[PDB]
Amino acid sequence: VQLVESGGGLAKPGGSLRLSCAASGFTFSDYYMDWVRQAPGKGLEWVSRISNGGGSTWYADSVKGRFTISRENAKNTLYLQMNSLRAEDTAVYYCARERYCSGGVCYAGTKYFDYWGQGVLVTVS
Amino acid sequence: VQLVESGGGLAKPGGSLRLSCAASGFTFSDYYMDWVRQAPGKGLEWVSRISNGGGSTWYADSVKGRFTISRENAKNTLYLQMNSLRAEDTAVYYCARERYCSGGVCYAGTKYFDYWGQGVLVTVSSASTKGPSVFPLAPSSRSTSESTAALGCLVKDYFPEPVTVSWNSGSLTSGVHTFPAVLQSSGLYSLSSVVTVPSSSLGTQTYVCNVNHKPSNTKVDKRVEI
Amino acid sequence: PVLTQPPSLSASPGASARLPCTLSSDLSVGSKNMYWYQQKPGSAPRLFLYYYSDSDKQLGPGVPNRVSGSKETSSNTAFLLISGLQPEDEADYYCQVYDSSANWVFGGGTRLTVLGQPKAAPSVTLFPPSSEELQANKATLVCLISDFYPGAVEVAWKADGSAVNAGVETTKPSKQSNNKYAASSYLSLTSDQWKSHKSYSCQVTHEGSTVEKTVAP
Amino acid sequence: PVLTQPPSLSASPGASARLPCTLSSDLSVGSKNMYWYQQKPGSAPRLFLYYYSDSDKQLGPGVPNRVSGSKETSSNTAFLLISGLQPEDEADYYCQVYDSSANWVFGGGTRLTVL
Amino acid sequence: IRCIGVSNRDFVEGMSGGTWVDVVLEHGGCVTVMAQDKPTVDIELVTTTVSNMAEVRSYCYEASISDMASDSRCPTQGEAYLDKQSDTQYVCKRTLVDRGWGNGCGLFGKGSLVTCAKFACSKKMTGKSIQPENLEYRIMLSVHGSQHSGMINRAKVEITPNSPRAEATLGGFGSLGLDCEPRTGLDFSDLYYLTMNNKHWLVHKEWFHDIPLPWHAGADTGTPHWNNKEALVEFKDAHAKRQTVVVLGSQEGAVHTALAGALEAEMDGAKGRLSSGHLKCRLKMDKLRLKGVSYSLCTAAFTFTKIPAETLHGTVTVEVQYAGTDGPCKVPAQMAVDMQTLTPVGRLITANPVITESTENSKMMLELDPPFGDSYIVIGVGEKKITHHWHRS
Amino acid sequence: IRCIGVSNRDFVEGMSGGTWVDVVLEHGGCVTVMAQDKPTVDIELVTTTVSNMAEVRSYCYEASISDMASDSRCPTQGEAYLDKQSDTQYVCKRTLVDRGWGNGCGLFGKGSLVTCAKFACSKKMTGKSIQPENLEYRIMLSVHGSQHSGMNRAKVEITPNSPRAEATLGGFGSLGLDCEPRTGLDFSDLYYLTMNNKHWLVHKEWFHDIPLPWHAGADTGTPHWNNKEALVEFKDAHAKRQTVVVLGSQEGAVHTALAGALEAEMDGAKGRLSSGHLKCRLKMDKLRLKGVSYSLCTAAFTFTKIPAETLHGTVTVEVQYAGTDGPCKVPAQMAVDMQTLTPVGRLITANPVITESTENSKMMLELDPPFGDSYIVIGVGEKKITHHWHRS
């Protein structure tokens, strides 16, 4: 049960990036997944959420129209296509797994971030 | 709410008597009735039983075929027709009222004997009746010497109990002691009743004892003199 | 079905008297309405207690609050309880139940004896024969014993010191309305058996002691 | 939807510390699942505490029994119980609830410092 | 100014002149009364109470069994007997069972057997009569001219079937009368009021007479007497001398199922609240002066604080804010298809909209009845007035 | 010596020689086996239990409601949301309610409203499956020669996969049982239902349809109730608060729906059943009588009970024997009035005996008298006792 992430680096304003978070060991086609970013020494802000099959996705207010979370459950990887990058996207990003929810009515209604990704740094300038 | 019995007396073996139970103070037509008897100096024995309408009667085994219980609610009277009496039928017979029920069932299902009558004595025996001889029992020639003085009445040789004695036509009851009767070997009874009178009340107050014995129709007034 | 009762029961004054009533083998005390009656001398019985359980009971009219009942299912026995035992509770107590077949069964009755009552010696009055009886050539001697406790006397008749054995009838004791006892004794003589001796005497004995009252022609 | 926890406050061993998270008025705190996380300098956060009520609770993998929960509706504020302090509390503890409108919300954060 | 968001609300137009308005008041519904020279008033029936209801019958839905015994008789010995089969608190069942030498009889055959148990009610339901003369009606009034938050002067009255007239004093607006007539309490002779565990309904009168449960038809006596207690006690499996007694358990959920689709009503405490209405009222409001017609028009400017919102009945509600110490003053408010100037097209629901405060940034709400098609809400005087487009149906 | 007053009684007569007797043992019925040179034996089936019943489904018939909340949103603001609407222990109902400026919304119309409450079951019923291979039969045996009783003597236990058994009856020897040519009254269609502390046998389809909350396991940590909406009702949604009520106890409701079902006791953790019918071939080649080397009793007899006719015409007699002659055979027969004591009927008790030595012991026997008039005669010569009898 492992979470690593690839695709960091540098990108000027207007440029694009494609973040990937490859997962393994569990049934990736079952879980809800989540991206959440963090500027250096700043607060924590949720960015994007995606369902088990990818049929419905949610984004934070400051991000929609440009970022697009996606999921191919066959390769067990989580993508985050960041288009039209701007300066305040300067942050370190993690992919988080949302707790097991077979049904939609899990044993206590928890649905939280148990496992987290290591964390990639994105710098926009 | 009172019950009184009538129709006692002396019968011969094979004769008949009609006991009656007069009831007043309650709706006599709403109550089961019973006759209970008791031989002299013995326990209680249940005789018969009747419903409030009269179409359901029960009898002790020792009585079946002889005694007839009945009731005429109109005259407010319970009856016990006693036919072909045997010597063992000699006893006091009380009429008893059961507890009332609102149908068949009642609160707690209690059906005990609410009230009992006074009782009538029934004596059966082949012996004939004898009326008593009433003699005075005078004081002892020393009137105002001790605290008081005691005079009485002797009721001698009468067969069937009971004898009733009062003094001065009922106007005198304080200090009157009538003794239970002796049963002499000749089959006849004898009774004695005395009253302690004030020591000096011998001069002005005159004392007469009234003896009544119904089964022989004897009513005597023998007044006591020195 | 029969109801067994001890013929006599004695219980100390102020204490409790447990009058028992054992039902026959075919009845169960647990499911019987027990009816208790009290009968004092010379008077008819009256309802004393209805008892089925401690939450199902009934005092008879005028019966004090010191009386109750109980049942011991292990001996098939009902109990009439009278606490604060006063001498006014001396009577016969009869237990009675109903059955659909025997239709009304009475106990034998238990005569209650309240101990601790003070002993009282009899008062005795000897009466000579009347004149109207003597004119009829008969003469009977009346001896009236009253107000004595406990209830047992022995009367003896004497004529000129010699014991009189003939023509003497004597009764049994009988409870007075004041808890004591009364009795009487009669000596039937012809007019010529009278007028012969100097004196006749009634001689009453109670708890060993003796009185002698005498009369004379 | 917004929830505000103070920037930081330092707590010492031998005492008890309460970490608040003042929720807004559009949320009733008494009907909210509270998720608190633990993040150290450099390392990524892992689940620290789940709390809805004192009977409806579970704690993250590898966390000891000194931490519990509390929630008072008169303040509309949830509290992270951190009792029995030790200087080893070096972690920024975030306060997270979910909403079918705001879709995830984190507090400002609280850096557990110890003097 | 209640009755704004109420779905079942009636707009009654009065007669100009005589103080005539005949309204029909329900529960959950209300009426906006509009007179000619008089303020628009809302009238709603909020509370129907019934006091001192007389009990009719009580059903037992949970029973208990107590001291139980049996009695058995051998063949030919007649029918079995227990002393408590004569007891009104006992349920008994008599049966025939095989007797022989092994259980204790001298013959072989069929013997009688009876078994009794003491009945006790743990929990009971109670039905009551209502008798319309102990009803009480509570009516709430309020006038227009107010502001949105002030939803929640304003008056309240009480009305009795034999005291149906009432008058309420509304500040400087005066007074209003009500002369009312009830009709639908029991509708006649029916509709008992039932009380279960701790909640209450209104049941059909005949349906209540047919509930298959133990019952006593009084109010209460020392140790009640239950009729037909055989409905909750079952006897089974008689052996030779013992018959086992069973109690059926709580029937509470059974009557809940038979109470699906009945009319419920709360109660706290000992007075019965009701959710049924239907009393008609003739209102006379001749002693209802407006509030102030001696005000001047507001000279300063307005601003929409909320988007004007359409109610369920096509009426438009508007709230504006007034910047200026001009108050108190009349609000200029009107309607449609201008390109000034400037014919009023619709009609207002609020009679004489006013600004109540003097200084300085007060709020105020009004309600319009717009014409169909396109229209223009215009508030304010001359220039620097505010306008909002509206489209009806 | 059971089976005397039993109404449902079969008298099986064997054949002299091979120990073949096929009997049918029921509940409430018994059989008297009579062989030629062998003691008469009573055989009854007293207990049929079925053990290790596996739970299938549990229904909740009494519920409780706990911490309850609501959530409301304005028109166009989407559907209301509570964190516990995702909880399996909560029952929720979603509906739309009239919103306006008075509740705190900017528009007039219908807004979403949800209300949840935490569900808990107070009392539940349990249905279990029964498997015929877990049945167990309890058989009681007893012989004749005894005294008034039935309130030596043996007992056996029988399983479908261990159907053979043998019981040792003192000096009478032993008799074996090989039991099952026709047995079951049903299975595979009935669950075994348990309510508060009572038990039924219900049809599977009727049980599959009970409208109550239910969980389809045996038990897990904190079970999960399905269709919990069946005991919790929502009513009177205002704008922001919906009151939740829990329905009263449904125990009396299913008792009424269980009228005309077959009831069943339980003792203990094994379910007792009132159906029987196991057939048995009993082998009694090892059944010696007890003693034929006794002599006839010389002393006199006395009736202790009035001779009683049973339901099948047989007569039961109990006598008392005064004398230390015992143990000895009891002289017993039935004369035909009288010519000279020629045997007329037949005995049910084989070889009546007095067992004790001293001194006034009692003993019971059973006769099969012929129809018409007859005389029960017990004893020899003089000091014998005779009783007249008439059959049917």
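Because the Cβ atoms are built from the backbone with ideal geometry, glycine has one as well, and the counts that use them run over all protein chains shown. Since every read-out is calculated from the coordinates, none of them should be taken as a lab result.
Along region A:44-55, what does the Karplus equation 6.51 cos²θ - 1.76 cosθ + 1.60 (θ = phi - 60°) give for ³J(HN,Hα), rounded to whole Hz, x for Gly and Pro?
9, 9, 5, 10, 9, 9, 9, 7, 5, x, x, x
Find the all-direction average of the projected area of the Cα convex hull for region D:3-112, expressing the result in square nanometres with one decimal place.
Answer in nm², one decimal: 7.1.
Rounded to a whole number, what is D in µm²/s for region F:62-110 from Stokes-Einstein with the Kirkwood radius over alpha-carbon pairs (10 °C, 1.306 mPa s)?
126
Please give the average number of partner chain Cβ atoms lying within 10 Å of the Cβ of each residue in E:81-92, rounded to a whole number.
6
For region F:165-174, what does the Karplus curve 6.51 cos²θ - 1.76 cosθ + 1.60, with θ = phi - 60°, yield as ³J(HN,Hα) per residue in whole Hz, taken in order and with x for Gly and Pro?
Residue by residue, region F:165-174 yields 7, 9, 10, 9, 10, x, x, 7, x, 7 Hz.
Students often get this wrong, so check it: of E:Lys229/F:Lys123; B:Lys222/C:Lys195; C:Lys57/E:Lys118; D:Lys32/F:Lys93; F:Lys84/F:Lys118; B:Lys156/C:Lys138, which have C-alpha atoms separated by over 20 Å?
Violating the 20 Å Cα-Cα cut-off are E:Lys229/F:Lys123; B:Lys222/C:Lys195.
Just name one of C:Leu3, F:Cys297, D:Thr73: the one whose Cα is farthest towards the positive end of the charge dipole of the protein assembly as shown (beta-carbon charges, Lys/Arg +1, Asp/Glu -1).
The Cα lying farthest towards the positive end belongs to C:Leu3.
Give the separation of the Cα centroids, region F:161-176 to region E:54-122, in Å.
42
Dipole size in debye (nearest 20) for chain F around its Cα centre, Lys and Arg Cβ +1, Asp and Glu Cβ -1?
On the way: 40 positive and 44 negative charges, 139 e Å.
Using Cβ point charges on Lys, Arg, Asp and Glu, chain F gives about 660 debye.
How many partner chain Cβ atoms sit within 10 Å of a residue's Cβ in peptide E:65-71, on average, as a whole number?
On the way: counts 0, 1, 6, 2, 4, 2, 5.
Across the residues of E:65-71, the mean count of other-chain Cβ atoms within 10 Å is 3.
By what distance, in whole Å, do the Cα atoms of the protein assembly as shown stretch along each of the three principal axes, largest value first?
164, 108, 70
Taking the Cα centre of region B:133-224 as origin, sum charge times position over the Cβ atoms of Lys and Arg (+1) and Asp and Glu (-1), and report the length of that vector in debye to the nearest 20. Could the numbers behind the result be given before it?
Details: 6 positive and 4 negative charges, 31 e Å.
For this selection, approximately 160 debye.
Specify which residue in the list E:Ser393, E:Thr244, E:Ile349 is farthest towards the positive end of the charge dipole of chain E, using unit charges on the beta carbon of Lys, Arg (+1) and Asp, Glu (-1), about the Cα centre.
In chain E, that residue is E:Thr244.
List, in order, the whole-Hz ³J(HN,Hα) value for each residue of region F:307-324 obtained from phi through the Karplus relation with A = 6.51, B = -1.76, C = 1.60 and θ = phi - 60°; use x for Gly and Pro.
Couplings: x, 10, 8, 7, 5, 10, x, 5, 9, 10, 10, 10, 10, 10, 10, 9, x, 7 Hz.
Using Cα centres only, tell me the gap between region C:97-139 and region F:11-33 in whole Å.
About 74 Å separates the Cα centre of region C:97-139 from the one of region F:11-33.
Which one of A:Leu17, A:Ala74, A:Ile50 is farthest out on the positive end of the charge dipole of region A:1-109, using unit charges on Cβ (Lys, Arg +1; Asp, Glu -1) and the Cα centre as origin?
Farthest towards the positive end: A:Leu17.
List the residues, sorted by chain then number, that are 5 or more residues from E:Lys199 or on another chain and whose placed amide H is less than 5 Å from its amide H.
So E:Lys199 has HN proximity to no qualifying residue.
Going Cα to Cα from C:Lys119, which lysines come in below 28 Å? Please leave out same-chain ones fewer than 8 positions away.
Correct list for C:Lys119: B:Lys42, C:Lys40, C:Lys158, C:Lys172, C:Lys175, C:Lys180, C:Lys213.
Mind checking which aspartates and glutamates have their C-alpha under 20 Å from E:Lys156, skipping anything on the same chain fewer than 8 residues away?
Qualifying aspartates and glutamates at Cα under 20 Å: E:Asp10, E:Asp22, E:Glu26, E:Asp42, E:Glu44, E:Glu136, E:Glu167, E:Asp179, E:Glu181, E:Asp286.
Given E:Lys38/E:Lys284; E:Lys38/E:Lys287; D:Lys71/E:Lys199; B:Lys12/B:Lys130; E:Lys241/F:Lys128, which pairs have Cα atoms separated by over 21 Å?
Checking Cα-Cα distances, D:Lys71/E:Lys199; E:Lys241/F:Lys128 exceed 21 Å.
If you count, for each residue, the other Cβ atoms within 10 Å and average over each peptide, how do C:130-138, E:23-31 line up from highest to lowest?
On the way: C:130-138: 15.2, E:23-31: 18.1.
With the highest mean Cβ count within 10 Å placed first, the list reads E:23-31, C:130-138.
Between B:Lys42 and B:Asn73, what FRET efficiency comes out of the Förster formula 1/(1 + (r/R0)^6) with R0 = 35 Å and r the beta carbon distance, rounded to 0.05?
Working: r = 33 Å, r/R0 = 0.93.
E between B:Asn73 and B:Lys42, to the nearest 0.05, is 0.60.
With the Cα gyration tensor of region B:133-224 in hand, give its eigenvalues times 5 under a square root as the equivalent ellipsoid semi-axes, listed largest first in whole angstrom.
One finds semi-axes of 26, 14, 10 Å for region B:133-224.
Cβ neighbours within 10 Å, averaged per peptide: list E:220-226, E:302-308, C:95-101 in order, most packed at the top.
Per-residue mean Cβ counts within 10 Å order the peptides as C:95-101, E:302-308, E:220-226.
Within region D:3-112, what percent of beta bridges assigned by DSSP are antiparallel, to the nearest 5?
The antiparallel fraction comes to roughly 95 percent.
How large is the helix-only mean residue ellipticity at 222 nm for the protein assembly as shown, computed as the sum of -39500 (n - 2.57) over DSSP H runs with n ≥ 4, divided by its residue count, in deg cm²/dmol to the nearest 500?
For the protein assembly as shown, the value works out to -500 deg cm²/dmol.
For the protein assembly as shown, what is the charge dipole size about the Cα centre, in debye to the nearest 20, if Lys and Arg each add +1 at the Cβ and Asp and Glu each add -1 at the Cβ?
Once rounded to the nearest 20, the dipole reads 1080 debye.
When Cβ neighbours within 10 Å are restricted to other protein chains, what is their mean count per residue of peptide C:164-171?
Mean inter-chain Cβ contacts per residue within 10 Å come to 2.
Quick one: which of F:161-174, A:74-87 comes out on top by average Cβ neighbours within 10 Å, and what's the full order, highest first?
Per-residue mean Cβ counts within 10 Å order the peptides as A:74-87, F:161-174.
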